[PDB]
6 protein chains.
Amino acid sequence: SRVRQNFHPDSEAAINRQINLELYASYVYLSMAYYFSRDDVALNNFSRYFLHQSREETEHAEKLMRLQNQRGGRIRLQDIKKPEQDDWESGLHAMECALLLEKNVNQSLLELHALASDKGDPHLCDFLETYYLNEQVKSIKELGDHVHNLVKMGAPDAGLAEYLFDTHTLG
Amino acid sequence: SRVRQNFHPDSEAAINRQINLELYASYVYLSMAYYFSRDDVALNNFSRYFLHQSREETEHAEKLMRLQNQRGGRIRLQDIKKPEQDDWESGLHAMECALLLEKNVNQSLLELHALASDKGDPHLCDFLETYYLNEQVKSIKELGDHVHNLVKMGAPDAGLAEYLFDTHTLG
Amino acid sequence: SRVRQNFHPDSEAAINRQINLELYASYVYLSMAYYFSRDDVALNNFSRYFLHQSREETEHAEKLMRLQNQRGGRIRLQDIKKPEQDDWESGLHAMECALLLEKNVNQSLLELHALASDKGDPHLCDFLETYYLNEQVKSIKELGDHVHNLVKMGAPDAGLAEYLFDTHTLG
Amino acid sequence: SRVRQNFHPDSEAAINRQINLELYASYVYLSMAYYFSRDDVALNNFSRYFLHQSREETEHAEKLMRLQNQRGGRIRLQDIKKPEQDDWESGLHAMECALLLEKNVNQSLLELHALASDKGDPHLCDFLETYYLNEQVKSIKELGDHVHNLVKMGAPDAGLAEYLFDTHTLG
Amino acid sequence: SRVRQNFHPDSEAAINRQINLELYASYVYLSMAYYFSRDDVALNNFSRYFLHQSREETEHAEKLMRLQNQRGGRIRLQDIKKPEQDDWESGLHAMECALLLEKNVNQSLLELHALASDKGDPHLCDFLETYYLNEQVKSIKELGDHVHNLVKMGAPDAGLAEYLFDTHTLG
Amino acid sequence: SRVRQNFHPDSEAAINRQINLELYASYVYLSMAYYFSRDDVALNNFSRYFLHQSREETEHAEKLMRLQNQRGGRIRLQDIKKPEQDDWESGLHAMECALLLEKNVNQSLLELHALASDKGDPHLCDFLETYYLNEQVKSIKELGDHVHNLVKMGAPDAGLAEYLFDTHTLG
Ligand SMILES: [Mg+2]
Ligand SMILES: [Mg+2]
Ligand SMILES: [Mg+2]
Ligand SMILES: [Mg+2]
Ligand SMILES: [Mg+2]
Ligand SMILES: [Mg+2]
Ligand SMILES: [Mg+2]
Ligand SMILES: [Mg+2]
Ligand SMILES: [Mg+2]
Ligand SMILES: [Mg+2]
Ligand SMILES: [Mg+2]
Ligand SMILES: [Mg+2]
Ligand SMILES: [Mg+2]
Ligand SMILES: [Mg+2]
Ligand SMILES: [Mg+2]
Ligand SMILES: [Mg+2]
Ligand SMILES: [Mg+2]
Ligand SMILES: [Mg+2]
Ligand SMILES: [Mg+2]
Ligand SMILES: [Mg+2]
Ligand SMILES: [Mg+2]
């Protein structure tokens, strides 16, 4: 590529793996969004919250695809795996799964950063630091806050918990 | 499901297959969008055109997921297969592939409609007719128009063809 | 902490020490602010300048406290030591002390960054780089500019120096 | 001091002690604010409520520092002691601690007023009456209201209590 | 310098070399701008494009000069070498030269970053990452896009190529 | 050149020399601008004044480059020599140097005009008279005014002189 410079093939490959992971995260959140709009779950603000998260993940994927093109790398897409469950059980369970998902994605981003550092790619490092790492920290913290409140409120067994959390925190 | 009424398990299953196909179409268009922003392709309006198509397909999938929930069906997601190519060759080739993709999706929607008709599900029939069938016809016609103009202009070999089409028609 | 990830206990501890240092810097500037509003000093723009610096330091402390919470660390507060003097002698002396204070705080932030780098915490590194390091450089440069002008003008002995600097530069 | 008039050295000293106490109160509230934004507490309106209280206490300190300067007294700062706890246990416990803190600060202000009265300093008396005494009464009453509601609601053990109080009363 | 801190003489020197390189890049683009406004070239949008690039390079130089002053380094200017050619041959050739120029400048910035990293200067690293590295990547990508389109269109020999590119892409 | 008319090769050459001189003047002023923003000089309005002069000189160069193209001449760039000093000593010294620089540039413009007159090029004469000669006279007069005031005020030794001149005249 006539634009390629200081861009290691390993970094290129890792960015393609990260693109897939971001699309996967988007899919997991899309699945959660629609679980909450089932007639037997019907927590509309949980639904909207996860739908919004899904859309943010798609943008995470797109920024990485754009990065690949900017650096002269070549996007290699792979199947986007379906989420682990179609039935997310409860608002609390979905939040705990989302928290695990974000920590796993964060671990992947940190490994990508370590690789970029090892390959002396400050541009890639800065890209990750600028658009991903703090976003992950904020997301993990937010999900943690949500999990804590849902647990304290008595979800999923306390009948008013998820309903009130949906209406107040996610409203 | 306490909301389920006149909703055949076969229709429920076919809607889940259609949801997957729509997500797949979205993925194909996302792939095309980013192929056109490669430094060695760089047709930005082809890129924007396909990105927009990708986003429309996601909405097609979401409406079907919403339909499933409204009718009391249960969404069962499957892996979203990667597109057939990562290198779409040219603006003309991508348009021809998009045309084939839309005809295939249309065939699937027509089969879904025939099933819905066979199962006496006027609501599903109307849903398909209202949000999908004419949309497909318009999309297929538009792609056909584009393919014709690109071919006539001499794409992909005539150096000015895709460039001019990108700037005038897709601009 | 269910949100904690890649956050070394040493980094957590260093952030708590930095929080204290920022609160201390805020206190030093608060002390300076009110020294300049004494009836026998009465340089109101020096007073306002330092009060503003004091408030900025409090925000520096708060961002670190927020960082601690985001990362899952636990804030451990310590006494905020009183400033070294209650009588800051002159506008020049206060500016020289502020310069020393900012260089000391900068050294602390650089040590924190080195620790974060050693612990492979790019998020913490980026946090420091984004909100602290350049802020320190700008502050040190500004104070240096002020010290130079006050010295050149003849402060503290030249009767018109601090008065004119207060009215023109800090006004 | 050429501005000093009818200002007893004992009053000057007591004002310096009060300045310290106000800074201490500010610190206690800052600590509480950030306890409520921990991922395992996550009551954001309790956090905002206490942060606001913290900022009000800083202004209480500043008004006393300004008073000292106006009267010709000399500000003598002392270490600001860290709060008694870093872990405030619960929204109810933090409110009860805040109530105790405000009653203690009020006792200090009343002793200051008695001293000012004994020294025949009507200006100081009026200053205390105007900016501090009623503020304390209003604060103590508000905290009392909050403590009562939290207790009645079943905090800290009733899972919905602090959550609902955070969203309704402190929202 | 009383503001100097953690600023290695080697970094200071490298920043002075980079300042010169940025001024040189500005000069190359100024030369290109005016080549395109020759009566026998007359591609006004190529002219405007390069003039704009020239002005951006001057700002790149100024930010580095400001950095030098902020850190306490001393700016040492050197002759700004004239560009390699006064006759840039064609719109395609000028774009290819600009691409080479930007890759060379990027290599220099990456070497500066490696030096700053070796000297443990996170502030300098962050400065480069924040204002230079991604800017270079975006510029190189843009030039690559332009080169690709001009080549595909048949520039410089196809009479309509540069003319159409000037009017559509650079317009 | 098919546009060339009544344009002597000597005039073409002299315009190229003048272009270089204008770029040189711009560089001298850029150097001065950043000397005044050193932490040990810190006269920000002197800095802004010279930066503005630098930018005006660049426009002087550009107008001559445009003139060359309009007349059918060919721009031949040469190295832009670095300024005689990096340390401009004082606000007064920089102003005296600027005055000498402008008188030297004016002498060059007057020689260019004499050449243009000798070659019977009224267009070139008028161009010089319209955009350069009076501009030089105004600039020389302004610098003279500044030098006089700085000298009278006691610069560079009188500590308040440059500071007050910076704040009042150049503010
Ligand atoms: Mg993501
Ligand atoms: Mg599988
Ligand atoms: Mg780094
Ligand atoms: Mg960075
Ligand atoms: Mg579709
Ligand atoms: Mg396969
Ligand atoms: Mg119908
Ligand atoms: Mg600070
Ligand atoms: Mg002590
Ligand atoms: Mg960073
Ligand atoms: Mg108080
Ligand atoms: Mg103690
Ligand atoms: Mg009374
Ligand atoms: Mg009264
Ligand atoms: Mg540059
Ligand atoms: Mg040479
Ligand atoms: Mg950075
Ligand atoms: Mg000039
Ligand atoms: Mg020389
Ligand atoms: Mg005339
Ligand atoms: Mg004045």
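These numbers come from the heavy atoms of this one structure, side chains and all, not from hydrogens, waters or symmetry mates. Here is how names work: the chains are called A, B, and so on, in the same order as the sequence lines, proteins then strands, and each is numbered from 1.
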Between [X] and [Y], do the side chains contain an N or O donor and an N or O acceptor separated by less than 3.5 Å?
X        : Y        : answer
B/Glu111 : B/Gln107 : yes
A/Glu57  : A/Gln53  : no
B/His60  : B/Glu56  : no
B/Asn16  : B/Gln68  : yes
B/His123 : B/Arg71  : yes

Give a yes or no on whether the backbone of [Y] and the side-chain of [X] come within a donor-acceptor separation of less than 3.5 Å.
X        : Y        : value
C/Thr130 : C/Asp126 : yes
A/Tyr35  : A/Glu89  : yes
A/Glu162 : A/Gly91  : yes
B/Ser11  : B/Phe7   : no
E/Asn134 : E/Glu129 : no
A/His168 : A/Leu164 : yes
A/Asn6   : A/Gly120 : yes
A/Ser47  : A/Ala33  : yes

Which distance, rounded to the nearest 0.5 Å, do you find between the [atom1] of [X] and the [atom2] of [Y]?
X        : Y        : atom1 : atom2 : value
B/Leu124 : B/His8   : CG    : NE2   : 12.5 Å
B/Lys103 : B/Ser108 : NZ    : OG    : 15.0 Å
A/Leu109 : A/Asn104 : CG    : CG    : 11.0 Å
B/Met32  : B/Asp86  : CE    : CG    : 11.5 Å
E/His148 : E/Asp145 : NE2   : CG    : 8.5 Å
B/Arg48  : B/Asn45  : CZ    : CG    : 4.5 Å

Notebook entry, point to check: Parallel, tilted or perpendicular: which fits the ring planes of B/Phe127 and B/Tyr132, with parallel below 30° and perpendicular above 60°?
Noted result: tilted
Item checked: Aromatic ring pairing A/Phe165/A/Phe46, orientation class (parallel under 30°, perpendicular over 60°, tilted between) -> tilted
Salt bridge or not between [X] and [Y]? Use side-chain N to carboxylate O under 4.0 Å.
X        : Y        : result
B/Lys63  : B/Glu59  : yes
B/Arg4   : B/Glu12  : yes
A/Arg74  : B/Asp39  : yes
A/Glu62  : B/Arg55  : yes
B/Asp121 : B/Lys119 : no

Notebook entry, point to check: Would you say the ring centroid of A/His146 lies under 6.0 angstrom from that of A/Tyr49?
Noted result: yes
Where is the tightest heavy-atom contact between [X] and [Y], given as atom of each residue plus distance?
X        : Y        : answer
A/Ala155 : A/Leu92  : O-CD2, 3.5 Å
A/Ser31  : A/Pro83  : CB-CG, 3.8 Å
A/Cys97  : A/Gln85  : SG-OE1, 4.1 Å
A/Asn69  : A/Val3   : O-CG2, 4.4 Å
B/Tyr163 : B/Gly159 : CB-O, 4.3 Å
B/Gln78  : B/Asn20  : O-ND2, 3.2 Å

If you define the side chain from C-beta out and look only at heavy atoms, does anything of [X] sit under 4.5 Å from [Y]?
X        : Y        : result
B/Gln18  : B/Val105 : yes
A/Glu102 : A/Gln136 : yes
B/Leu133 : B/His113 : yes
B/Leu43  : E/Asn149 : yes
B/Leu101 : B/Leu143 : no
B/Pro156 : B/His93  : no
B/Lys81  : B/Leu21  : no
B/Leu77  : B/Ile75  : yes

Margin query: One pair to check against side chain to side chain contact (heavy atoms under 4.5 Å, CB included): A/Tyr27 and B/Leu23. What are the steps and the verdict?
Written below: CA-CA 10 Å; A/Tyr27 202 20; B/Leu23 294 168; 3.5 Å; yes
Checklist line | Name of the residue among B/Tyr34, B/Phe36, B/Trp88 meeting ring pair (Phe, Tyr, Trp, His ring centres under 6.0 Å) with B/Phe50 | finding: B/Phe36
Notebook entry, point to check: After noting the C-alpha distance and the side-chain angles of A/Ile140 and C/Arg2, does the key distance pass the side chain to side chain contact (heavy atoms under 4.5 Å, CB included) rule?
Noted result: CA-CA 9 Å; A/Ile140 290 162; C/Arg2 59 169 67 89; over 6 Å; no
Check: Stepwise, does the side chain to side chain contact (heavy atoms under 4.5 Å, CB included) test hold for B/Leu128 with B/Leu112?
Finding: CA-CA 8 Å; B/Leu128 294 172; B/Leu112 221 177; 4.0 Å; yes
